[PDB]
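Undergrad: The following block contains the structure, expressed as structure tokens.
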Amino acid sequence: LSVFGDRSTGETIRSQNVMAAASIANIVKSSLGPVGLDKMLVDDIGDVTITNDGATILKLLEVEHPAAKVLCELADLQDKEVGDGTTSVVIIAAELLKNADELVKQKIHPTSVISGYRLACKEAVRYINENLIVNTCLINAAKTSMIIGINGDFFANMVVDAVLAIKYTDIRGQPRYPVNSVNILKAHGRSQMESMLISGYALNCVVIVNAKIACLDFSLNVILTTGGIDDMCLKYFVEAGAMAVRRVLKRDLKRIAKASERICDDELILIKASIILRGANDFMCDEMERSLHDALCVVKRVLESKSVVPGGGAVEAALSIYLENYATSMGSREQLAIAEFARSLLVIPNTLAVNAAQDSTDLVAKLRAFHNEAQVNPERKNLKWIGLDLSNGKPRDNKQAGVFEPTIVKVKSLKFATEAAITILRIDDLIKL
Amino acid sequence: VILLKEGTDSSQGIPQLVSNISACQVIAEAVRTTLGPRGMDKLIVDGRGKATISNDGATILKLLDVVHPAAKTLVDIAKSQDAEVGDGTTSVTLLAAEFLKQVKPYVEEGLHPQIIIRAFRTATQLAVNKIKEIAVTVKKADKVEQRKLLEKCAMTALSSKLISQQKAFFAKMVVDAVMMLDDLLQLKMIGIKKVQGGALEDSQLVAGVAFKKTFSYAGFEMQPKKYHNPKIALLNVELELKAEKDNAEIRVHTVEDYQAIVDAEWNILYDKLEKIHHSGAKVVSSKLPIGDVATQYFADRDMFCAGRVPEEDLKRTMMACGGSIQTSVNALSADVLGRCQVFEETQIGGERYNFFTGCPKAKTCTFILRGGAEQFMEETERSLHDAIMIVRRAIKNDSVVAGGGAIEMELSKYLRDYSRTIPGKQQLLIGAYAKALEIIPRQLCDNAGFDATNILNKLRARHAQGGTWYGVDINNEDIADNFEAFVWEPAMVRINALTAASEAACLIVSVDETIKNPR
Amino acid sequence: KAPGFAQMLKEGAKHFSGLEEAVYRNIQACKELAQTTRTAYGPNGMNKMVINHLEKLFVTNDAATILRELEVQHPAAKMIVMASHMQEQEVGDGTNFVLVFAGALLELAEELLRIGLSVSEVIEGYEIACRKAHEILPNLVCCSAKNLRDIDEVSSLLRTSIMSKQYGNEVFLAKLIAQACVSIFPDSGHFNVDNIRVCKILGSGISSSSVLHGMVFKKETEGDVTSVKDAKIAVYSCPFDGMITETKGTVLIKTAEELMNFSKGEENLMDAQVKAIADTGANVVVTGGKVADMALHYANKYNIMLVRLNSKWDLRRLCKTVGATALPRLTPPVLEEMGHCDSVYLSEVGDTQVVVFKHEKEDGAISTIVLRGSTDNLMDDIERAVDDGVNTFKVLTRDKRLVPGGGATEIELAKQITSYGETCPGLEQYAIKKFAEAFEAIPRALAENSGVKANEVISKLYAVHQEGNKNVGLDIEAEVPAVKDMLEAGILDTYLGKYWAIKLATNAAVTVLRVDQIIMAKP
Ligand SMILES: Nc1ncnc2c1ncn2[C@@H]1O[C@H](COP(=O)(O)OP(=O)(O)O)[C@@H](O)[C@H]1O
Ligand SMILES: Nc1ncnc2c1ncn2[C@@H]1O[C@H](COP(=O)(O)OP(=O)(O)O)[C@@H](O)[C@H]1O
Ligand SMILES: Nc1ncnc2c1ncn2[C@@H]1O[C@H](COP(=O)(O)OP(=O)(O)O)[C@@H](O)[C@H]1O
């Protein structure tokens, strides 16, 4: 043979794409979950970027390999479509290729493996849709996510009122929960208990029960001017008695347009949500600011994405049992493909357990035991819908603890992971020019 | 300079267990293909240069003599299995290594060896309780005679063989040969002999002891073969004229003395000939050859004699005639002489054959084979031996289970479903224990040329639906109920296999270091 | 040729320089010795695939058996081995204690020498902490043996010694060993482990074993005599056969006539020699070799009870028990070299005929545990567990004081020693505090061998011990890292076991620390 390039095939090329995909997963395996470890990204210049976000790593990571590039393009599709779950997709796909490569060594053709993954993903989505929970403890929801936790019901009760006040349709009876509607601030007034909820917009400006709210942008009683007010023009407002203000921020007027006190060193013009955090010192109250915005969004993602599902590996542990039993019903060389699909899902609770510094073999076993007892009989003595506690390191009913995710994430993450494993596993040759 | 080991080799930890696990697989690989009746053979050669060809896992491991000590433990476990059962050495060695193969990656992941032992001891006990639960006793199933079911068992084991068409004829004689023995059954008591040429139907079922009778010396037209109550002599003496053993070389210087020396050398044969007749032995069966002159002696005295008998046939006649072997002939008396109802020379296949019948200690028999070649009779020798064991074990133990890996898949189902309801590290280990049981039916498919993937997957589905006895069919490439097919094995044999297999894996898994005293 | 070798001046002995830290090399050799035996600790100890000097494969978990076959060559490690041999005297347990604890002291001493502490300051601190340990250890004595000689009492205490040497058979062996030991404690101040001679027979299993009085031997009586109370006993290692003198005695056999005559001469010689036995009145004889068929007739002719013991060590027991010595010639009629025994008879136990030598008239303290087993390897390992069990109560003939087990004492003793280390000012606090952490290596090994996280176990023990909840040790369980009370569970060690082990382990480590350079010498 005489050609201007190279050529190669066999088991080594499928294994090369498997060993390549496994390397990308290990790069973002330990960074999975909220307690994920940080990772460095050393560019060719010499600079260093440090972060723990799996999506950010894959976007900036560079690995010269065709199979690895498929997972990079894969994460982009899952990101633009949903914007979450790119780390679990890359890890689940690598495990399927690992187990698939083992089956191919057992004389199991890839087309039989591919036909099984298409069936396991299909029934898994049916089982997911059968055990969902719809929009319906809102004091216990943000409590688990939330130093602010010393007073649980006090700070958390203000969060459920903030997230509920923003409820508004705004499209065809859609109602969502907008993000930039709450205005969290802070103070140091006499305690950490004096924090108060406000059912109105807190405008940080300085100079009435007049319903007329004037909104103007051009530059010269509740009159707002973004372009500023000259010195002489303020004298005319004193004649009529208007509470006119100059140099109004653009972003504030948009909220004031959509919308329509003695505070330490910056008196806010209140229109009559927001929560001003009166604390003791800047160290305590500053952390409480972000702590409220964090758990408020978790409750927001639950009430927005009306359909949700328990997180913490509860889905992956249940599918591991159902798909293992469904496999015996089919036969026809699809058992090992569907059965290996079940073990691949356990990587998510196995990876999260290792990141939480716990015995993953114990927690994953304890997690599968409760889910298996749910399938035996529907009695209430059998535990159901159990997840993982990453803080304490033990099982936890995520239905009560308030740990959920959108249904489209867990559903599409298996569809994208299955499509990528099929795309890499269908390859059986390498041709270079 | 002042070194601690000083040539002493020693290693410990995970590298030692993983090293012993790989050595255990090497012993299974030498007997992996021998599993089943249609399994591939192995050729072994010793320093003499002679080749031994057989698919017997027990005989193969005895000939290898591997130096690795982890392998010596597996081979030693096979010897205890022989004394306990007499078979199942391939299953124990093959299945023990499968437990080690499945727990290999978990050992590498840092799981302690002691945690692995707790799973094997637990899953094994749960499996033994399930064997006794699924095991069924069959004595009078549907009021059918036991001889009928026992023939269906031997026919299935001999099906798809050289005697496939005439398996019914061989099925009857195999059961009849086993029925001819006493309560204390034994495989070594029955002999199997081969006779070249002829059809399969001409194979004779001898009631007593017989031998090839390579005796081809003179003395014909005499020696009345029939005897009603003869006295059988068991000797190893050579009565040749010019015997390699017995001679008399007396040098003298007198003609008259030579007449006595030539007669004295003759007297040594005659005195030995008379001592046999002195006690009254009607049948002289000697290990060594006999000369033409000694044939004429007993031919005139109304007595039979024929040497060139193998040692095994004599000792098999020792237990049959009820006497004893006596190398000498001077002290020959009734204490070693035998008895029988009918001793007659038969010309089956043209060659001469001697046999006894109706002896007092007649605890043995003989199976004569007729075929077109020697290998047809050598394969049939062991192929019928398998059916004789099946018929024997059914009489001893009536509690049985479905063979062909049928019970291995139910235990794989029960232990796998039980492991799901076990929180802790025992879940993955008991599940691995379950998956290791599937190697027995997987090799029965591979050794039979079938696709183990398609059968083992179809078979696992039938077990989930409720099939408690379905297994592998060596003849047809399909799933079949081995219980209805009368392919049975005792329940205690399968218990002692798992116990010996788990005990062997636990002993290897419990090992951490190998110490070697330099000497 | 310059530059020369650093400090190498004595027979080419490698003298590791100051930067090379010659003391560290000896610590590494003793450190490596512990790692071989650290895994053989407790009931979950990992067995060793030992290869004897005769190319024999034995599997065991005994520490002394490992060191015998493991030819230790580094003399620094031999000091700890010699301490283990001294640990075998005055007590029959705690061998791994001397190895695991001494290695922990040497391991932690290297941490101190790296800081800069002198070798003498570390030695003085360990010797001080050893004294505090001997003062704290009596306070840890929670319960003691009730001194009743009851099989229920004795079996309860032997469970801890038999465990960690043969797991699973803890229940049977505790009762079997108890039945043989309680039969001698009435002999005040005369109990000896040497009196309990263990004999092992190939059989079904350990459950088929039993206990018997006197010196039991598996080989049945070759003669036809059942029982005889003849004290005149004589052992003849020479096999019974045709007699031959130490002189020339050239027997020339030419014709068949002379063959039968001298063949009958052997009949007269054995009849004449066996006659000499009965002339002295010795109706009991023990053979070391084979036995001739004609001698069996002469044995029954004069009514002499003939016994065949082919093992040499079986004869040495008789030579040291009754006194009958093994002479080289064919039955020397020497009454002086004969023994004494009050009762001798054959007995059938477990479908097996066994000879018995007991003392009916005399007081007697001899006993024997007839072991049964399918595998000689596993059966020989059960013998070593019996000696550790019998020797446990040979110590209790002394002051009967027990302490908790499962690492409970090691944390309670480490907690108290760390207190004195904090109060004691100066540089001794470092070696005293590390002496307490050396005790933590015991439950760390006990937890590691059980498949449990070590640090998770030590944290729980120090927590409950801080609450005053003494007697709390490690719960042997593969999945459960929790703890439990060792007293209520019935796990108890011996006081003198920890005393002599802590004393010898400290001296073994101090003798290694005092050494700083190993030198070769030619005679
Ligand atoms: N509060 C929590 N409790 C338990 N598990 C969590 C929690 N938050 C996130 N996880 C787990 O972390 C995993 C990754 O979440 P996320 O970071 O949103 O996706 P990705 O890691 O793909 O970017 C999820 O599979 C989820 O089960
Ligand atoms: N006729 C048969 N049909 C299906 N399987 C069989 C048949 N005969 C034997 N086997 C299987 O072959 C295996 C090995 O049998 P055997 O050769 O007697 O023991 P070993 O292989 O240990 O010597 C058994 O596990 C049994 O299930
Ligand atoms: N079943 C058990 N449970 C808890 N601890 C045990 C058990 N058996 C032994 N141990 C502990 O193991 C230690 C060592 O026992 P042993 O093996 O008899 O001595 P050595 O290890 O020195 O040979 C003892 O101090 C005891 O506390």
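Ligands are numbered from 1 in the order shown, residues from 1 within each chain, and chains are lettered A, B, ... in the order they appear in the structure tokens.
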For chain A against chain B, which residues fall within 7 Å using only C-alpha atoms, given as a list in words?
TA: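 Residues passing the distance filter: residues 328, 329, 331, 332, 333, 335, 361, 362, 365, 366, 368, 369 and 372 of chain A.
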Undergrad: Counting only C-alpha atoms and all ligand atoms, name the residues that have an atom within 7 Å of an atom of ligand 1; the answer should be given as a PyMOL selection string.
TA: chain A and resi 32-34+53-55+84-89+145+311-313+348+352+388-390+403
Undergrad: Find the residues near ligand 3. Use a cut-off of 7 Å, count only C-alpha atoms and all ligand atoms, and write them as a compact mmCIF listing (two decimals) with N, CA, C and O atoms, in the first residue's frame.
TA:
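Writing done, so here's out23.txt:
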```txt
# COMPACT_ATOMS: atom_id res chain seq x y z
N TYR C 41 -2.60 -8.78 63.50
CA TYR C 41 -3.04 -8.37 64.83
C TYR C 41 -4.55 -8.49 64.95
O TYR C 41 -5.30 -7.94 64.13
N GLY C 42 -5.01 -9.21 65.98
CA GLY C 42 -6.41 -9.29 66.29
C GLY C 42 -7.11 -10.45 65.60
O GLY C 42 -6.49 -11.27 64.92
N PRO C 43 -8.43 -10.54 65.77
CA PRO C 43 -9.18 -11.61 65.11
C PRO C 43 -9.23 -11.47 63.60
O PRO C 43 -9.33 -12.49 62.90
N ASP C 62 0.34 -16.54 63.35
CA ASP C 62 1.08 -16.40 64.59
C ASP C 62 2.33 -15.55 64.35
O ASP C 62 3.00 -15.68 63.32
N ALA C 63 2.64 -14.69 65.32
CA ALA C 63 3.78 -13.79 65.17
C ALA C 63 5.10 -14.52 65.38
O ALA C 63 6.06 -14.31 64.63
N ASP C 93 1.81 -14.60 75.55
CA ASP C 93 1.06 -13.74 74.64
C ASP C 93 1.71 -12.36 74.66
O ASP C 93 2.60 -12.08 75.46
N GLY C 94 1.24 -11.50 73.76
CA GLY C 94 1.77 -10.17 73.62
C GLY C 94 2.97 -10.03 72.72
O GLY C 94 3.69 -9.04 72.82
N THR C 95 3.22 -11.01 71.83
CA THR C 95 4.37 -10.92 70.94
C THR C 95 4.21 -9.78 69.95
O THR C 95 5.16 -9.02 69.72
N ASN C 96 3.03 -9.63 69.35
CA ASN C 96 2.80 -8.51 68.44
C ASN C 96 2.82 -7.18 69.18
O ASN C 96 3.10 -6.14 68.58
N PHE C 97 2.50 -7.19 70.48
CA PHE C 97 2.60 -5.98 71.28
C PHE C 97 4.03 -5.46 71.29
O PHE C 97 4.27 -4.26 71.10
N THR C 160 -10.53 -14.57 74.85
CA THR C 160 -9.74 -13.48 74.29
C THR C 160 -8.40 -13.97 73.77
O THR C 160 -7.89 -13.46 72.77
N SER C 161 -7.80 -14.96 74.44
CA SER C 161 -6.50 -15.48 74.00
C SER C 161 -6.66 -16.36 72.77
O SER C 161 -5.88 -16.25 71.82
N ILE C 162 -7.65 -17.26 72.78
CA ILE C 162 -7.87 -18.14 71.64
C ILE C 162 -8.28 -17.32 70.42
O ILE C 162 -7.79 -17.55 69.31
N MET C 163 -9.20 -16.38 70.61
CA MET C 163 -9.46 -15.38 69.59
C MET C 163 -8.17 -14.64 69.27
O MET C 163 -7.29 -14.50 70.13
N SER C 164 -8.04 -14.18 68.02
CA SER C 164 -6.85 -13.57 67.43
C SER C 164 -5.80 -14.61 67.04
O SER C 164 -4.76 -14.23 66.50
N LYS C 165 -6.03 -15.90 67.30
CA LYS C 165 -5.19 -16.99 66.82
C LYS C 165 -5.98 -18.00 66.01
O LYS C 165 -5.43 -18.60 65.07
N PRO C 404 -8.98 -4.38 80.49
CA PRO C 404 -9.75 -4.40 79.25
C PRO C 404 -8.87 -4.68 78.04
O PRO C 404 -7.64 -4.68 78.13
N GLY C 405 -9.52 -4.93 76.90
CA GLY C 405 -8.86 -5.18 75.65
C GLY C 405 -9.39 -4.31 74.53
O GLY C 405 -9.99 -3.25 74.76
N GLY C 406 -9.15 -4.76 73.30
CA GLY C 406 -9.61 -4.03 72.14
C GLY C 406 -9.05 -2.63 72.02
O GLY C 406 -9.70 -1.76 71.42
N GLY C 407 -7.87 -2.38 72.57
CA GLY C 407 -7.29 -1.05 72.54
C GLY C 407 -7.81 -0.10 73.59
O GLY C 407 -7.45 1.08 73.57
N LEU C 446 -5.37 -2.59 65.03
CA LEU C 446 -6.58 -3.37 65.28
C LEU C 446 -7.75 -2.87 64.43
O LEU C 446 -8.62 -3.65 64.05
N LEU C 474 -12.59 -1.31 70.92
CA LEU C 474 -13.00 -1.30 69.52
C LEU C 474 -14.02 -2.41 69.26
O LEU C 474 -13.82 -3.55 69.69
N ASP C 475 -15.10 -2.06 68.57
CA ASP C 475 -16.12 -3.03 68.18
C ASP C 475 -15.67 -3.72 66.90
O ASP C 475 -15.59 -3.09 65.84
N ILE C 476 -15.37 -5.02 66.99
CA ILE C 476 -14.92 -5.78 65.83
C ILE C 476 -16.12 -5.94 64.89
O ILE C 476 -17.04 -6.71 65.16
N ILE C 491 -14.35 -9.32 76.76
CA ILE C 491 -13.00 -9.24 76.20
C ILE C 491 -12.09 -8.65 77.26
O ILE C 491 -12.23 -7.48 77.63
N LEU C 492 -11.15 -9.46 77.74
CA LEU C 492 -10.25 -9.06 78.82
C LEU C 492 -8.87 -9.63 78.57
O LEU C 492 -8.74 -10.79 78.15
N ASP C 493 -7.84 -8.82 78.83
CA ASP C 493 -6.46 -9.24 78.73
C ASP C 493 -5.91 -9.54 80.12
O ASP C 493 -6.62 -9.49 81.12
```
Undergrad: May I have the residues within 9 Å of residue 190 of chain B as JSON, numbers by chain, using only C-alpha atoms and disregarding those fewer than 3 positions away in the same chain?
TA: {"B": [177, 178, 181, 186, 187, 209, 316, 363, 364, 365, 366, 367]}
Undergrad: Print the selection's residues with C-alpha atoms to a file, as a PDB file, in the first residue's frame.
TA:
```pdb
ATOM      1  CA  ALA B 177     -24.320 -52.832  35.600  1.00  0.00           C
ATOM      2  CA  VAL B 178     -24.942 -50.447  38.503  1.00  0.00           C
ATOM      3  CA  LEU B 181     -23.584 -54.199  42.645  1.00  0.00           C
ATOM      4  CA  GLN B 186     -18.447 -47.765  43.933  1.00  0.00           C
ATOM      5  CA  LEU B 187     -17.147 -46.706  40.528  1.00  0.00           C
ATOM      6  CA  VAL B 209     -14.819 -60.339  36.158  1.00  0.00           C
ATOM      7  CA  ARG B 316     -10.361 -57.236  40.570  1.00  0.00           C
ATOM      8  CA  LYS B 363     -19.016 -57.228  43.898  1.00  0.00           C
ATOM      9  CA  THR B 364     -17.779 -56.370  40.379  1.00  0.00           C
ATOM     10  CA  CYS B 365     -18.590 -56.825  36.703  1.00  0.00           C
ATOM     11  CA  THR B 366     -17.177 -55.937  33.281  1.00  0.00           C
ATOM     12  CA  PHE B 367     -18.434 -54.047  30.215  1.00  0.00           C
TER      13      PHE B 367
END
```
Undergrad: With distances taken over only C-alpha atoms, which of C:480, C:282, C:349, C:505 is nearest to chain A?
TA: C:480
Undergrad: Neighbouring residues of residue 397 of chain A were defined as those with any atom within 10 Å, considering only C-alpha atoms; residues of the same chain fewer than 2 positions away were excluded. Please report them as a PyMOL selection string.
TA: chain A and resi 310-312+314+383-389+395+399-403
Undergrad: With C-alpha atoms retained, write the just-selected residues as a PDB file, in the first residue's frame.
TA:
```pdb
ATOM      1  CA  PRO A 310     -34.966  15.314  43.854  1.00  0.00           C
ATOM      2  CA  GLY A 311     -31.239  15.896  43.509  1.00  0.00           C
ATOM      3  CA  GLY A 312     -28.297  14.528  45.425  1.00  0.00           C
ATOM      4  CA  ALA A 314     -31.706  10.270  44.055  1.00  0.00           C
ATOM      5  CA  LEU A 383     -38.013   4.702  52.507  1.00  0.00           C
ATOM      6  CA  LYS A 384     -38.587   6.612  49.272  1.00  0.00           C
ATOM      7  CA  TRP A 385     -36.960   9.444  47.305  1.00  0.00           C
ATOM      8  CA  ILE A 386     -33.771   9.546  49.383  1.00  0.00           C
ATOM      9  CA  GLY A 387     -30.712  11.564  48.365  1.00  0.00           C
ATOM     10  CA  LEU A 388     -27.329  12.465  49.869  1.00  0.00           C
ATOM     11  CA  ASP A 389     -26.349  14.927  52.595  1.00  0.00           C
ATOM     12  CA  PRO A 395     -28.719   9.927  53.299  1.00  0.00           C
ATOM     13  CA  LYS A 399     -38.240  16.130  49.261  1.00  0.00           C
ATOM     14  CA  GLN A 400     -38.294  17.780  52.701  1.00  0.00           C
ATOM     15  CA  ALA A 401     -34.758  19.214  52.678  1.00  0.00           C
ATOM     16  CA  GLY A 402     -35.519  21.295  49.580  1.00  0.00           C
ATOM     17  CA  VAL A 403     -32.810  19.943  47.257  1.00  0.00           C
TER      18      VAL A 403
END
```
Undergrad: Counting only C-alpha atoms, which residues of chain B come no farther than 10 Å from chain C, as a PyMOL selection string?
TA: chain B and resi 1-6+8+10-13+69-70+72-73+76+80+110-118+423-426+507-519
Undergrad: Let's see if you can do this: from backbone DSSP, list all helix (DSSP H, G or I) residues in segment 44-93 of chain A, as a PyMOL selection string.
TA: chain A and resi 54-60+66-81+86-93
Undergrad: Any chance you could export the current selection's N, CA, C and O atoms as a compact mmCIF listing (two decimals), in the first residue's frame?
TA:
```
# COMPACT_ATOMS: atom_id res chain seq x y z
N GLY A 54 -17.43 23.43 36.78
CA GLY A 54 -17.13 22.47 35.73
C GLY A 54 -17.41 23.01 34.34
O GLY A 54 -16.69 22.69 33.39
N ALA A 55 -18.45 23.83 34.20
CA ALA A 55 -18.76 24.42 32.90
C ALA A 55 -17.67 25.40 32.47
O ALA A 55 -17.28 25.43 31.30
N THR A 56 -17.16 26.20 33.41
CA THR A 56 -16.10 27.15 33.08
C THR A 56 -14.81 26.43 32.69
O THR A 56 -14.06 26.94 31.85
N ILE A 57 -14.54 25.27 33.28
CA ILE A 57 -13.32 24.55 32.98
C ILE A 57 -13.35 24.03 31.54
O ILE A 57 -12.39 24.20 30.78
N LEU A 58 -14.46 23.41 31.15
CA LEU A 58 -14.56 22.82 29.82
C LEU A 58 -14.50 23.88 28.73
O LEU A 58 -13.97 23.62 27.64
N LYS A 59 -15.04 25.07 28.99
CA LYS A 59 -15.00 26.14 28.00
C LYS A 59 -13.58 26.65 27.78
O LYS A 59 -13.22 27.01 26.66
N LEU A 60 -12.77 26.69 28.84
CA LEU A 60 -11.40 27.16 28.77
C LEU A 60 -10.39 26.04 28.58
O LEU A 60 -9.25 26.32 28.17
N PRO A 66 -9.86 14.42 18.87
CA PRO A 66 -11.21 14.55 18.30
C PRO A 66 -12.30 14.12 19.27
O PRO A 66 -13.32 14.81 19.39
N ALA A 67 -12.12 12.99 19.96
CA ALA A 67 -13.16 12.50 20.86
C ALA A 67 -13.40 13.46 22.01
O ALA A 67 -14.55 13.68 22.41
N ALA A 68 -12.33 14.05 22.55
CA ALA A 68 -12.49 15.02 23.63
C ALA A 68 -13.23 16.27 23.15
O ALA A 68 -14.02 16.86 23.89
N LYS A 69 -12.98 16.68 21.90
CA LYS A 69 -13.65 17.86 21.37
C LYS A 69 -15.15 17.64 21.22
O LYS A 69 -15.92 18.60 21.26
N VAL A 70 -15.59 16.38 21.06
CA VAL A 70 -17.01 16.10 21.00
C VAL A 70 -17.68 16.43 22.33
O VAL A 70 -18.79 16.98 22.36
N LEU A 71 -17.01 16.12 23.44
CA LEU A 71 -17.57 16.43 24.75
C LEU A 71 -17.56 17.93 25.02
O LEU A 71 -18.41 18.43 25.75
N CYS A 72 -16.60 18.66 24.44
CA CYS A 72 -16.59 20.11 24.58
C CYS A 72 -17.76 20.73 23.82
O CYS A 72 -18.47 21.59 24.36
N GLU A 73 -17.97 20.31 22.57
CA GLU A 73 -19.15 20.74 21.83
C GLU A 73 -20.43 20.26 22.50
O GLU A 73 -21.47 20.93 22.42
N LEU A 74 -20.37 19.11 23.16
CA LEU A 74 -21.54 18.59 23.88
C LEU A 74 -21.94 19.52 25.02
O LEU A 74 -23.12 19.83 25.19
N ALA A 75 -20.96 19.96 25.81
CA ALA A 75 -21.25 20.84 26.93
C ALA A 75 -21.83 22.17 26.47
O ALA A 75 -22.65 22.77 27.18
N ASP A 76 -21.44 22.64 25.29
CA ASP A 76 -21.97 23.90 24.78
C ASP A 76 -23.44 23.77 24.42
O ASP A 76 -24.23 24.69 24.66
N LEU A 77 -23.83 22.63 23.84
CA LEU A 77 -25.23 22.42 23.49
C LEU A 77 -26.10 22.35 24.74
O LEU A 77 -27.19 22.94 24.78
N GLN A 78 -25.64 21.64 25.76
CA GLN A 78 -26.39 21.57 27.02
C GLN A 78 -26.40 22.92 27.73
O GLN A 78 -27.36 23.23 28.44
N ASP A 79 -25.35 23.72 27.55
CA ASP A 79 -25.30 25.03 28.20
C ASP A 79 -26.28 26.00 27.55
O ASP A 79 -27.09 26.62 28.24
N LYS A 80 -26.21 26.14 26.23
CA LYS A 80 -27.08 27.09 25.53
C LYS A 80 -28.54 26.67 25.61
O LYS A 80 -29.43 27.53 25.58
N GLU A 81 -28.81 25.37 25.72
CA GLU A 81 -30.19 24.90 25.76
C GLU A 81 -30.79 25.05 27.15
O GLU A 81 -31.96 25.43 27.28
N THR A 86 -23.58 20.47 32.71
CA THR A 86 -22.53 20.12 31.75
C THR A 86 -21.47 19.22 32.37
O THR A 86 -20.82 18.45 31.66
N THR A 87 -21.28 19.31 33.69
CA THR A 87 -20.28 18.47 34.34
C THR A 87 -20.75 17.03 34.45
O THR A 87 -19.99 16.10 34.16
N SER A 88 -22.00 16.82 34.86
CA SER A 88 -22.53 15.46 34.98
C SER A 88 -22.64 14.79 33.62
O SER A 88 -22.49 13.56 33.52
N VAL A 89 -22.90 15.56 32.56
CA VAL A 89 -23.02 15.00 31.23
C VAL A 89 -21.68 14.43 30.77
O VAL A 89 -21.61 13.34 30.20
N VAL A 90 -20.59 15.16 31.02
CA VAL A 90 -19.27 14.69 30.59
C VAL A 90 -18.85 13.48 31.40
O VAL A 90 -18.18 12.57 30.89
N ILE A 91 -19.21 13.44 32.68
CA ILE A 91 -18.81 12.33 33.54
C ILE A 91 -19.64 11.09 33.24
O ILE A 91 -19.11 9.97 33.21
N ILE A 92 -20.94 11.26 33.01
CA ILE A 92 -21.80 10.12 32.70
C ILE A 92 -21.41 9.51 31.36
O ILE A 92 -21.42 8.29 31.19
N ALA A 93 -21.05 10.35 30.38
CA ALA A 93 -20.69 9.85 29.07
C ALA A 93 -19.40 9.04 29.12
O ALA A 93 -19.28 8.00 28.46
```
Undergrad: Which residues in segment 246-457 of chain C does DSSP call strand (DSSP E or B)? List them as a ChimeraX atom specification.
TA: /C:284-287,305-308,326-327,343-348,353-358,367-373,402-404
Undergrad: Which residue out of B:150, B:306, B:77, B:58 has the minimum interatomic distance to ligand 2 when only C-alpha atoms and all ligand atoms are used?
TA: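 Smallest distance to ligand 2 is found for B:58.
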